[PDB]
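Shown next as structure tokens: one chain only, the form deposited in one PDB entry.
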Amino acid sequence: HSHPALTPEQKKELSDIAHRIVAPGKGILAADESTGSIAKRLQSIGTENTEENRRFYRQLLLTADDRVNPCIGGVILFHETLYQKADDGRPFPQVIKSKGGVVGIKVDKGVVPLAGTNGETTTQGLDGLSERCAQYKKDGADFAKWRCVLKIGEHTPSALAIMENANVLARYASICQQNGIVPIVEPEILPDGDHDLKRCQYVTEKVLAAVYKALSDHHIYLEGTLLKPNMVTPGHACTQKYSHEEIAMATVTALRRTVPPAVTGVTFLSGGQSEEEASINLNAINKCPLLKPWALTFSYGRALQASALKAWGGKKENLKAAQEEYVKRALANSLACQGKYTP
């Protein structure tokens, strides 16, 4: 028997939000980094992590030139960054929505270990998620982010880790879709270890199949969701070398065997790649000569802002040049999500 989780108006608003995020030429900037991660990236450059420095760095990221307006369609923020204001007086949700962006927020509470496994973790953050998502909906956020961590090892990912992470992702996506917030499913598989394209493609296909079975079990409206996978790439310790079009063929092949075409867009990770190989691999994915019935774009945290952070240097007068760095990468990734990129 059919009891609708969503009225057609809810399905309509979720569909147009998800269509506004992955619009052609546009992608996602991931500024969702919590205090420890931004703290260690500020200690790598040599700046002590305080609240004004974080506000100023995300000010540098968000108040850039308007050439990134048909580049960035969505911005993922932290919980703290929603309630921080720019020096002009506008809050950062208004600063994003002023130039055509969509406000997002990271809503998970980290990873927690699974007992009985070999270093496998599940993820946290389901309690009070309805009230938090309603509050973030009043604060201007239209989509969310939630990250699962899986690793390829000697007998990992096991059935327990894949089943539990898919179940928690589907529960999260149901809670977000009840409040009018587009969920972005991120089943990230770690590039650590020594494994070829074959085992990464196998693991990615099994993980994505279990994720979409869990989404069908939990009555998720697939047109109002986004997918945030990795690119199918070999491990860091793997000695075999692969062309970019081989990685692109493996990625589009693993996506076409699992992902139903009702899903609106696919935004890839950077995932420890360097800043140029992300645009190279995304460009090679968008010229793969297969039929790809969804939006292929980027959701790059580090590969959008690494050069801007390093050319910032922690002092204010470098700002514009730092911003200028970011601008190139944004436009580059825009061409990388249109197949027109050439290094």
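Sequential numbering from 1, following the sequence displayed.
From this point on, the text means the form deposited with a small molecule bound, which you will not see here.
J.: Out of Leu269, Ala141, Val182, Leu169, which one falls within 4.5 Å of the small molecule in the bound PDB entry, going by heavy atoms?
T.: For this set of options, the contacting one is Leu269.
J.: So which of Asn49, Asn69, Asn318, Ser37 reaches within 4.5 angstroms of the small molecule in the bound PDB entry, heavy atom to heavy atom?
T.: By the 4.5 Å heavy-atom cutoff, the listed residue in contact is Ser37.
J.: Answer yes if any heavy atom of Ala30 is within 4.5 Å of a heavy atom of the small molecule in the bound PDB entry; otherwise answer no.
T.: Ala30: contacts the small molecule in the bound PDB entry.
J.: Since only the chain is shown here, I'm wondering whether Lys145 would be in contact with the small molecule in the bound PDB entry (any heavy atom pair within 4.5 Å).
T.: Yes.
J.: Would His218 count as touching the small molecule in the bound PDB entry under a 4.5 Å heavy atom rule?
T.: No, no contact at 4.5 Å.
J.: Answer for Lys151 alone: is it within 4.5 Å of the small molecule in the bound PDB entry, judged on heavy atom distances?
T.: Result no; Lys151 lies far from the small molecule in the bound PDB entry.
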